[PDB]
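Trainee: In their complex positions, the first chains:
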Amino acid sequence: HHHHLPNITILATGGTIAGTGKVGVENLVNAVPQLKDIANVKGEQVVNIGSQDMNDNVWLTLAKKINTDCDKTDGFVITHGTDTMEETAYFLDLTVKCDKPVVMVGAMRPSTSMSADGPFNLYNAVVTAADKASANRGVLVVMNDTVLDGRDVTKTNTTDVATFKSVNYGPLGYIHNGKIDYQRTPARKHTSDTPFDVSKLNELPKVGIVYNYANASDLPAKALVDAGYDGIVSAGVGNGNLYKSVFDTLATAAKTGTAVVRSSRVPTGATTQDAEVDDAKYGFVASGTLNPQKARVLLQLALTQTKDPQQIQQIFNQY
Amino acid sequence: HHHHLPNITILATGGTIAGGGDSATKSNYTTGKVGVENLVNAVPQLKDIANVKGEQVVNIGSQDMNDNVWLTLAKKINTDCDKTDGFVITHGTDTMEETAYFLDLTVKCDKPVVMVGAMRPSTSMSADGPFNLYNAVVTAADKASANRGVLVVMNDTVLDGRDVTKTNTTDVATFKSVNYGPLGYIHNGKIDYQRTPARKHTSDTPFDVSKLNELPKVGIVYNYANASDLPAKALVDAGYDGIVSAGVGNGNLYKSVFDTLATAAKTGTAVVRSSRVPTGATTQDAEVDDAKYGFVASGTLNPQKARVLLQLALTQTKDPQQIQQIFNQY
Amino acid sequence: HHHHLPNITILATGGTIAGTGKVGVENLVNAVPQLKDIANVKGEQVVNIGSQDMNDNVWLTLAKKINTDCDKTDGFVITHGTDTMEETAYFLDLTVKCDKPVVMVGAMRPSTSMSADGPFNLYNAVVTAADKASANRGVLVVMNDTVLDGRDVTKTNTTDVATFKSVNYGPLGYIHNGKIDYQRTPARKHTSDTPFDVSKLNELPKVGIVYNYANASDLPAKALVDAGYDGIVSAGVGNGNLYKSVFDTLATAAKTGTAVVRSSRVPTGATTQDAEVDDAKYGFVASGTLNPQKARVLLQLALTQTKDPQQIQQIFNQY
């Protein structure tokens, strides 16, 4: 018998954890020599960008690489910027078909700063990826000693190391002394339980986001309609409500080939049916607890399958 | 000596507080439907605490709030300040945080101005509106409420108009001052105030809307992965005075949005970096060199709040350094 | 065919929802005539008390009554004071063997007050008890349009209608328009998956709680030891830490027949092993995310099975 440690692959994309997006994956790994106590780590550099410039091409690269490399490794850690980690995490949650752990991690302070968070965050992300109990929970985010599901996780504060929270349904488990006590798992369908298959796609449907506020301009929504966008997500006020002129434009869009999802600029809670807006009349879809950027992720993937608003609403009710 | 109650004026604007549906249990309803009289008569205890007069200013959902209603309200409060002891504004919850900050910067009346709404319509089981209205009147009637700026009173809490925001789509407890906390809590019709806002408000600002017929055009663009530049270009093509960016993280911009706004700022469009992230400041001295591009950092002002201050800044100046000073003081 | 509504039993115990503990169950039910749209409701008055005077005898009555009456009804709602609802809920979570919904509800404002919360809270508690998806999730608390598990739920604010929160792991689902979208279920073992069986017990082991703070007196802990308590839970400072003189007394207690659990006065997070206290040396048990009052519930039930600290720690790791 020989004691064996799991093989973990780090897929590096950039971020302040490498600051954004300057230091290579080898350098990050070598800065945390205690990783050798818990895993055999191999690093690959996918891209080296600020996540404020994350895009559809990188999402598709990452999903295809994890799906292709699933059988070569025991788990994955993705180093990423914090700004759009919540978007990438949910894209991968819906398109990764590997049910081995896939864990995303970043840092709110650069590697050079006093009390930098990145080293311990990376250690705990590898702990999570190495834990057999992490499998079959979907794509995870590990930040500030917490395991968060890719669907609900969001950046709640501009600078706090403790910014990442699952604001509607809470975390899956807490990490202490290199161990996780998992008390929850996401009930929405993820990974191999979704129909989304991006293995042959080179691009995704065009989906844009418009913001609502007092005296809102309809010019952004008209610009997306004039460009023939596939979908528009509204960052509505309150329970997904729309300023009158935005409502007029989106009502046109939904009857003229553009899928419309009502989400909310409000940071917690669902955008529901059965409140002030008759979604069925207008052909709109209610986003539930998906915030605008997350609702975009699912609307792009829905539009790979269907343009029918009723079928899109059912997708928004299952994933 | 005889006890006299304060005179409180209710300026009604609509909202779910004035909403109705056909069932106490079904969620479906129409906002901004019931008049101010019906609201007042649903709270018979109000006569214990004030002499209430109701005026219907408009009756709309606050999803359709607009600059004209803002100007009407500021001018009415500043005109009528000497006729009453305090004001309550019944309003929708969806943009209450915007109206409250606009009034906090433009009201010159030293008397309490309190905004209130309801997350459940007037027809619903356990409707929140009646007690919210009672507590708003308590707050407007309390002499300790004066000189604290425009207030929002929701769920037994007195919140400053600058920091207060709607945090949850459905919860009666939605309104929170997420960066600096509430000013006071209300129990049994009494307030223990432990805080007051330090940023300049009301008669300490230079903003005077008494003779304005309209406000500068300021739009908001969202940032996210693969963000389109088409919204930003549409506001620039229309000659907008200002654009507020709902940035990712600490006010960061997707590169194609950054490019459009950098070009606009060079032509004289005012550009404020705010954040889609619901708490925390958009700072200077992070990843964007504001001075180089002619941008302004919003600090703790979220995108819709930063729009309010940017519109008022543009009544005074187009210079980015002067607008940043405004964003550091109000 | 005939459309049939579920049979729901309301077991009334008191509370402000009946204000505390003055109005009878019939009166509460008749104040919400819309209950007839969703259930056939029958009410029984178990006791009529302020939950600040909740006690072991009422817990045992309730567990035996639900276990006995399980086959007569489709679901249970328990009307209760808010002050110790979190304790009763977790006791029932560990001792109820009915896997039909068991839902606890209260009110923060009395029935007579402006904008009283009780009516809609009771409506939503019956919605929850009538929903087939509520089964097999353990004992639930329904407050402020939210379904909360009995283990994690706690009262977070002295007066707020929104006081009840599952502060470590979040809620199970949100209620809108008489429907629940459940996204979570508790992983700790509950109800028919626990060994605790109170069917023949007339009393529970004596377990008391001591508080830690600067310059803490050891007199409370000595008083419980001198009375021969079966167990003591410490409301420790920080990560379950003990003031020196309290530590001295509890170290004695644990070697002299008294089970000692370290919990925390801190409102969120676990009291862990492997920090400053060598639990194994002293024979102490770490409470994890169980706050002092919840740790008391599980320590009483553990002491029905075992007095061995290692077996008590395993119970604290599974339930």
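Mentor: Nice, I can see it. Residues are numbered from 1 along each chain as shown, chains lettered A, B, ... in the order given.

Trainee: Could you measure from the residue of chain A at minimum distance from chain C over to residue B:299?
Mentor: Across chain A, the shortest distance to chain C (Cβ to the nearest Cβ) belongs to residue A:170, at 2.1 Å. In this view, the C-beta of every residue, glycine as well, is placed from N, C-alpha and C. According to Cβ to Cβ, to the nearest Å, residue A:170 stands 30 Å off from residue B:299.

Trainee: what's the answer for residue A:174, then?
Mentor: Distance of residue A:174 to residue B:299, given as Cβ to Cβ: 32 Å.

Trainee: Tell me the secondary structure at the nearest residue to residue A:34 once chain neighbours are set aside.
Mentor: Excluding its sequence neighbours, the residue lying closest to residue A:34 (Cβ to Cβ, 6 or more residues apart in numbering or on different chains) is residue A:123, at 6.3 Å. Here residue A:123 is recorded as helix under DSSP: H, G, I helix; E, B strand; the rest coil.

Trainee: And the one 4 residues further on, by the same measure?
Mentor: Local secondary structure at residue A:127 is given as helix here, using three-state DSSP.

Trainee: same check, this time on the one 10 residues further on
Mentor: The three-state label for residue A:137, taken from three-state DSSP, comes out as coil.

Trainee: in its sheet, what does the helix or strand hosting residue A:263 sit against?
Mentor: Element membership of residue A:263 [criterion: DSSP states H and E] is strand A:259-264. Strand pairing for strand A:259-264, determined by DSSP bridges: strand A:231-236 (parallel), strand A:284-286 (parallel).

Trainee: Dump the C-alpha coordinates for the first one into CSV.
Mentor: This points to strand A:231-236. Listed next in CSV are the C-alpha coordinates belonging to strand A:231-236 (Å, rounded to 0.1, in the frame of the first residue of the first chain):
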residue,chain,number,x,y,z
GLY,A,231,-32.1,38.3,-25.9
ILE,A,232,-32.3,41.3,-23.5
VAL,A,233,-32.2,41.0,-19.7
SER,A,234,-33.8,43.9,-17.8
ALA,A,235,-32.2,44.9,-14.4
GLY,A,236,-35.6,46.0,-13.3
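
Trainee: How about the contacts made by residue A:146?
Mentor: Listed by Cβ atoms under 8 Å, 6 or more residues apart in numbering or on different chains, the contact partners of residue A:146 are A:164, A:171, A:173, A:174, A:175.

Trainee: Spatially nearest residue to residue A:115, not counting backbone neighbours?
Mentor: residue A:109 (7.0 Å).

Trainee: Pretty sure residue A:117 is one of the things that neighbour touches, is it not?
Mentor: Yes - counting by Cβ atoms under 8 Å, residue A:109 does reach residue A:117; the two are 5.2 Å apart.

Trainee: Next, show the common contact partners of those two.
Mentor: Here residue A:109 and residue A:117 have residue A:161 as joint contacts, going by Cβ under 8 Å, 6+ apart.

Trainee: Give me the more crowded residue out of the two.
Mentor: residue A:117 (21 against 17; other Cβ atoms under 10 Å in any protein chain shown).

Trainee: OK, contacts around that one?
Mentor: By Cβ under 8 Å, 6+ apart, the contact list for residue A:117 reads A:107, A:108, A:109, A:144, A:161.

Trainee: among the residues you listed, which ones are buried?
Mentor: Buried members of those, scored by 16 or more other Cβ atoms under 10 Å in any protein chain shown, are A:107, A:108, A:109, A:144.

Trainee: who touches the first one in this structure?
Mentor: With contacts taken as Cβ under 8 Å, 6+ apart, residue A:107 has the following neighbours: A:15, A:16, A:17, A:19, A:82, A:116, A:117, A:118, A:121.

Trainee: and of those residues, the nearest to chain B?
Mentor: Within the contacts of residue A:107, distances to chain B taken as Cβ to the nearest Cβ reach their minimum at residue A:82, with 6.0 Å.

Trainee: Chain D should go on the structure too:
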Amino acid sequence: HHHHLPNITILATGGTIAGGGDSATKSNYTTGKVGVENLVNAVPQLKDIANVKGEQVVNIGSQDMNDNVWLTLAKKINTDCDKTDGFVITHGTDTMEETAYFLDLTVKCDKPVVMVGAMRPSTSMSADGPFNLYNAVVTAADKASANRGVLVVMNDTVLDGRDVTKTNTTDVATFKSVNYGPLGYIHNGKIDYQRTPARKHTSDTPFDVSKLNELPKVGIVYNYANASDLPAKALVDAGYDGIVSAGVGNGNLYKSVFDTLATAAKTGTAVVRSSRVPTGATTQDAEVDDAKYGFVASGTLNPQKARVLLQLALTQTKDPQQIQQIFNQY
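Mentor: Same chains as before, plus chain D:
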């Protein structure tokens, strides 16, 4: 003209900030082990911002904090006020909220007094202590910090000593002012203060500990279902000066605890109702008739904080009406 840095004195008391373990990754450690010099030298940037002098007052876990250390610290700060520009107190996190409020009521020095600790030991990977100490020194050096009472600086946040509390057992972000919010946030070594505490602190209180050798004996009892009266009776039998009840909900007491404390209050023991509930006030005019029993309602003071004010109240008075007035003003 030449730039001069402020003189800041670090009074070290121990804590996890001074803790050590034998591994950077294992959780096991010992508190209050490393001396103040080693802490200062772990933050080489401190010379950019202050002239730092360290004094080791004690080296203990704050789980073993006590009245003697409180009196030492208050007397030392009040004696040494003219020798320095500001103070930082390195301390354990577990009872930092208690020490901070005691100093907030007894320090008469008008200069900044800032408390700081660390949730991870000095030996741990990504230890929080170094940047926390840097930010504490920033806060103590900032002239805008003065006259705000005793402060706690943790996780880039400036918190008032009255409202601040430890909310989480393990998280670096644990310290929050859960009722009224923080005073300011720290970014790039700068603070934007937007709040100051209204309750009277420091030179505005009557509490003078300059000649005290000890403090009144005040104990804390917990309430829960089937609560034993044995803890309350043990403090009464020992002749305690005061007892604080960690009540259920809005300061309610299990009947047998209520009975013991009602009898004690009649003999002259001071009794404060607080709450085990982590946010919100323990109010008057709820289910307990305080006036009838001779009890005092703690308001937003949690049990350990209410103990601090009760000990100091008992240095001035034993009258329950005067103690309630103290609980309404400080």
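
Trainee: ok chain D is loaded, check the nearest residue to residue A:34 again?
Mentor: Per Cβ to Cβ, 6+ apart, closest to residue A:34 is residue D:25, 4.9 Å.

Trainee: wouldn't that neighbour be in contact with residue D:123 here?
Mentor: No - the criterion here is Cβ under 8 Å, and residue D:25 misses it with residue D:123 at 10.1 Å.

Trainee: circling back to that earlier point, residue contacts, the residue nearest to residue A:34?
Mentor: Residue D:25 sits next to A:34, A:37, A:123, A:178, D:124, D:125 when contact means Cβ under 8 Å, 6+ apart.

Trainee: let's see 7 Å
Mentor: Residues counted as contacts of residue D:25 (Cβ atoms under 7 Å, 6 or more residues apart in numbering or on different chains) are A:34, A:37, A:123, A:178, D:125.

Trainee: ok, residue A:249 to chain D distance?
Mentor: 38 Å (Cβ to the nearest Cβ, to the nearest Å).

Trainee: cool, and residue A:290?
Mentor: With distances taken as Cβ to the nearest Cβ, residue A:290 is found 26 Å from chain D.

Trainee: same deal with residue A:229?
Mentor: Distance check for residue A:229 against chain D: by Cβ to the nearest Cβ, it reads 37 Å.

Trainee: cool, and residue A:45?
Mentor: Shown here: residue A:45 relative to chain D, a distance of 23 Å by Cβ to the nearest Cβ.

Trainee: Tell me what that residue is bridged to.
Mentor: Residue A:45 has these beta-bridge partners by DSSP bridges: residue A:12.

Trainee: same check, this time on residue A:284
Mentor: Bridge pairing for residue A:284 - DSSP bridges - gives residue A:260.

Trainee: Report the distance from stretch A:236-253 to the chain centre.
Mentor: In terms of Cα atoms, centre = their mean, to the nearest Å, the centre of stretch A:236-253 is found 25 Å from the chain centre.

Trainee: again but with stretch A:102-120, I slipped
Mentor: Distance, centroid of stretch A:102-120 to centroid of chain: 19 Å (Cα atoms, centre = their mean).

Trainee: again, but for stretch A:268-277
Mentor: Stretch A:268-277 has its C-alpha centroid displaced from the chain centroid by 22 Å (Cα atoms, centre = their mean).

Trainee: repeat for stretch A:12-25
Mentor: Its chain's C-alpha centre and that of stretch A:12-25 lie 18 Å apart, by Cα atoms, centre = their mean.

Trainee: How about stretch A:222-234?
Mentor: A distance of 22 Å separates the centroid of the chain from that of stretch A:222-234, by Cα atoms, centre = their mean.

Trainee: Next: stretch A:283-300.
Mentor: 12 Å.

Trainee: re earlier: distance between the strand holding residue A:263 and the chain's centre?
Mentor: The chain centre lies 18 Å from the centre of strand A:259-264; the measure is Cα atoms, centre = their mean.

Trainee: what do you get for stretch A:265-276?
Mentor: Centroid separation between stretch A:265-276 and its chain, computed with Cα atoms, centre = their mean, is 20 Å.

Trainee: And for stretch A:300-312?
Mentor: Per Cα atoms, centre = their mean, the centroid offset for stretch A:300-312 relative to its chain is 19 Å.

Trainee: How is chain A partitioned into domains?
Mentor: For chain A, automatic domain parsing gives the domain ranges A:7-193, A:207-318.

Trainee: that older thread, can you read off the backbone torsions of the residue nearest to residue A:34?
Mentor: Dihedral angles of residue D:25 (phi, psi; degrees, to the nearest 10) stand at phi -110, psi -30.
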